[PDB]
Number of protein chains: 2
Amino acid sequence: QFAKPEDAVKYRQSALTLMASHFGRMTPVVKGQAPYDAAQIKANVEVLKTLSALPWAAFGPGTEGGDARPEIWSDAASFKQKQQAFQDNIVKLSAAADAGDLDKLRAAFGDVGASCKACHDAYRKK
Amino acid sequence: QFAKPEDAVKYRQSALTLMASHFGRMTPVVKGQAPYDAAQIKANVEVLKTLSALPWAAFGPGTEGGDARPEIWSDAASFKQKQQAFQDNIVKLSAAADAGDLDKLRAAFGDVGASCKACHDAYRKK
Ligand code: HEC
Ligand code: HEC
Ligand SMILES: O=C1O[C@H]([C@@H](O)CO)C(O)=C1O
Ligand SMILES: O=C1O[C@H]([C@@H](O)CO)C(O)=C1O
């Protein structure tokens with residue numbers, strides 16, 4: 001869907017920004033600093049679910065740029081396992097949110113965050 | 001969810017960018033230049049549905065900036081009717097996509113586009 005590689009870069013950056021917001025806005029809740037409203041979090045995690053699937057299609061062939069390391073393309077199978085692990089942890093977060101269980105939510109939240117960082121450590125420029 | 005007004009600006013700009021992409025990528029399909037796969041479009045419109053609800057919460061009190069005109073806040077009821085009309089036209093687009101009907105899709109697509117422009121004409125800086 002991208003006329004030029006820069007358009008793919010702008011899309012994925014925007015998608016990832018929207019993820020950081022829907023993920024990070026729950027930090028005060030999982031820390032207990034803000035109240036836990038199970039329905040609120042269920043709805044937010046549904047949004048995060050949808051967003052979490054979007055960036056990866058914008059790293060298609062020919063879309064080198066931004067802060068994406070070139071190894072995303074030369075090690076396509078590894079990069080796909082980091083996105084899959086992340087998306088599988090998002091499924092676990094959705095399950096915790098759907099269950100309305102704050103303990104399970106904070107554990108699942110931590111697993112998601114670790115998956116973000118694992119990908120950044122390998123595939124995002126400094 | 002925004003520490004500073006600039007964070008709300010960056011969020012809404014990112015959300016709107018993701019909308020322009022999920023909306024605009026269907027242009028070749030509604031023009032007949034690309035093939036119509038009803039399931040493909042149904043899935044894409046489901047993404048657009050979700051995205052279409054996101055920008056508005058990032059024009060909250062105190063978030064003046066970007067290319068948002070100040071009248072968004074001083075004429076809050078008018079701005080809310082432009083976002084509601086847009087979101088109602090998104091519902092009609094979802095119905096067309098769910099029905100798998102290209103005629104209905106192209107009419108609903110046109111109505112959505114007109115609603116984007118109507119809001120821009122009143123509330124987006126030049
Ligand atoms: C690899 C499988 C990734 C996972 C999982 C996550 N992110 Fe990431 N992120 C990745 C790359 C390769 C990049 C660079 C993209 C580019 O072309 O520049 C990023 C970038 C971000 C950004 C910055 C976006 C911007 O506005 O420029 C943010 C805020 C970000 N990523 C956040 C984030 C979060 C919160 C994640 C888990 C919920 C996460 N990312 C996962 C690669 C990957
Ligand atoms: C008012 C109810 C709007 C409707 C409906 C749509 N948009 Fe819009 N858009 C609006 C404003 C006030 C702004 C400025 C935001 C800011 O703070 O800068 C915008 C901006 C855009 C952008 C640019 C985003 C960026 O990266 O800076 C795009 C690409 C955009 N809008 C597209 C768009 C489309 C395709 C719409 C219908 C599907 C649409 N917008 C509706 C206000 C409103
Ligand atoms: O909210 C965020 O979480 C991850 C990372 O900090 C998790 O360790 C990230 O990159 C964000 O923007
Ligand atoms: O794809 C788009 O459609 C609207 C407008 O052009 C409809 O007339 C808009 O602002 C986009 O970025």
Side-chain angles (χ1 to χ4, degrees), chain A residues 2-27 43-73 76 79-91 93-94 97 109 111-125, chain B residues 2-3 6-27 40-59 66-67 90 116:
Chain A
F2 304 120
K4 297 174 169 170
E6 287 88 345
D7 298 320
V9 175
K10 180 164 152 155
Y11 178 102
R12 68 209 188 203
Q13 291 180 343
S14 293
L16 293 158
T17 293
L18 293 169
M19 285 162 57
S21 179
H22 286 276
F23 179 71
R25 70 181 57 195
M26 298 185 286
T27 302
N44 184 65
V45 173
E46 285 158 351
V47 174
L48 178 59
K49 177 180 182 198
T50 297
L51 296 172
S52 70
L54 301 182
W56 323 112
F59 295 88
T63 69
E64 288 75 11
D67 287 347
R69 297 185 152 300
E71 289 79 10
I72 291 173
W73 292 270
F79 185 75
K80 185 183 258 216
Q81 274 307 289
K82 294 212 201 282
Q83 62 104 332
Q84 188 210 301
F86 164 66
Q87 287 196 84
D88 288 347
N89 275 327
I90 291 288
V91 172
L93 184 63
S94 296
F109 183 91
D111 290 345
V112 170
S115 296
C116 314
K117 177 176 167 45
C119 186
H120 295 157
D121 286 350
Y123 295 117
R124 189 174 75 179
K125 299 182 171 210
Chain B
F2 304 120
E6 287 88 345
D7 298 320
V9 175
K10 180 164 152 155
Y11 178 102
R12 68 209 188 203
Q13 291 180 343
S14 293
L16 293 158
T17 293
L18 293 169
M19 285 162 57
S21 179
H22 286 276
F23 179 71
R25 70 181 57 195
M26 298 185 286
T27 302
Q40 177 187 27
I41 293 298
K42 180 175 179 184
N44 184 65
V45 173
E46 285 158 351
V47 174
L48 178 59
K49 177 180 182 198
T50 297
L51 296 172
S52 70
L54 301 182
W56 323 112
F59 295 88
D67 287 347
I90 291 288
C116 314

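As a basis for the values below, the full set of heavy atoms in this structure was taken, side chains included, without hydrogen atoms, waters or symmetry mates. We name chains A, B, ... by the order of the sequence lines, and we start the count at 1 in each one.
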Residue pair [X] / [Y]: nearest heavy atoms and the distance that separates them:
X: B:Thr17; Y: A:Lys10; answer: CG2-CE, 3.9 Å
X: A:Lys82; Y: A:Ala122; answer: CE-CB, 3.7 Å
X: B:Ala15; Y: B:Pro55; answer: CB-CG, 4.0 Å
X: A:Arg12; Y: A:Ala68; answer: NH2-CB, 3.5 Å

May I ask you to check whether A:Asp88 and A:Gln84 show a side-chain donor-acceptor distance below 3.5 Å?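 The answer is yes; a qualifying pair exists.
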Compare all side-chain heavy atoms of [X] with those of [Y] and state whether any distance is below 4.5 angstrom.
X: A:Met26; Y: A:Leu93; value: yes
X: A:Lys125; Y: A:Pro70; value: yes
X: B:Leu54; Y: B:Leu16; value: no

Between A:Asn89 (side chain only) and A:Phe86 (backbone N and O only), is there a donor and an acceptor less than 3.5 Å apart?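 No, A:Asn89 side chain to A:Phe86 backbone: no donor-acceptor pair under 3.5 Å.
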Would you find a donor on one side and an acceptor on the other, under 3.5 Å apart, between the side chain of B:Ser21 and the backbone of B:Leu18?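 Side chain of B:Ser21 to backbone of B:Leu18, a donor-acceptor pair under 3.5 Å: no, none is there.
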Report the distance from atom [atom1] of [X] to atom [atom2] of [Y], rounding to the nearest 0.5 Å.
X: A:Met19; Y: B:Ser14; atom1: CE; atom2: OG; answer: 12.5 Å
X: B:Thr50; Y: A:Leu48; atom1: OG1; atom2: CG; answer: 12.0 Å
X: A:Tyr123; Y: A:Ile72; atom1: OH; atom2: CD1; answer: 8.0 Å
X: B:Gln13; Y: B:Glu6; atom1: CD; atom2: CD; answer: 11.0 Å
X: A:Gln83; Y: A:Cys119; atom1: CD; atom2: SG; answer: 9.0 Å
X: A:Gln87; Y: A:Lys49; atom1: CD; atom2: NZ; answer: 10.5 Å

Of all residues at least two apart in sequence or in a different chain, which pass the salt bridge (charged side-chain N to carboxylate O under 4.0 Å, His left out) check with A:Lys117?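 Salt bridge (charged side-chain N to carboxylate O under 4.0 Å, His left out) list for A:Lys117, sorted by chain: A:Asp121.
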For the residue pair A:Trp73 and A:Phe59, does the interplanar ring angle fall in the parallel (under 30°), tilted (30 to 60°) or perpendicular (over 60°) class?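 A:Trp73 vs A:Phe59 ring planes: tilted.
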Classify the ring geometry of A:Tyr11 against B:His22: parallel below 30°, tilted from 30° to 60°, perpendicular beyond 60°.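 Tilted.
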In sequence, state the C-alpha distance, the side-chain angles, and the governing distance for A:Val9 and A:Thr63, and then conclude on side-chain contact (heavy atoms from CB on, under 4.5 Å). CA-CA 7 Å; A:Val9 175; A:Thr63 69; 5.5 Å; no
Among all residues two or more places apart in sequence or in another chain, which pass the ring pair (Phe, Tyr, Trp, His ring centres under 6.0 Å) test with A:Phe23?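 For A:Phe23 the ring pair (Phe, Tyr, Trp, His ring centres under 6.0 Å) partners, ignoring immediate neighbours, are A:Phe109.
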Report the C-alpha distance between A:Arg25 and B:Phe2 in whole Å, list the side-chain angles of each, state the deciding distance to 0.1 Å, and finish with yes or no for side-chain contact (heavy atoms from CB on, under 4.5 Å). CA-CA 8 Å; A:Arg25 70 181 57 195; B:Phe2 304 120; 4.2 Å; yes
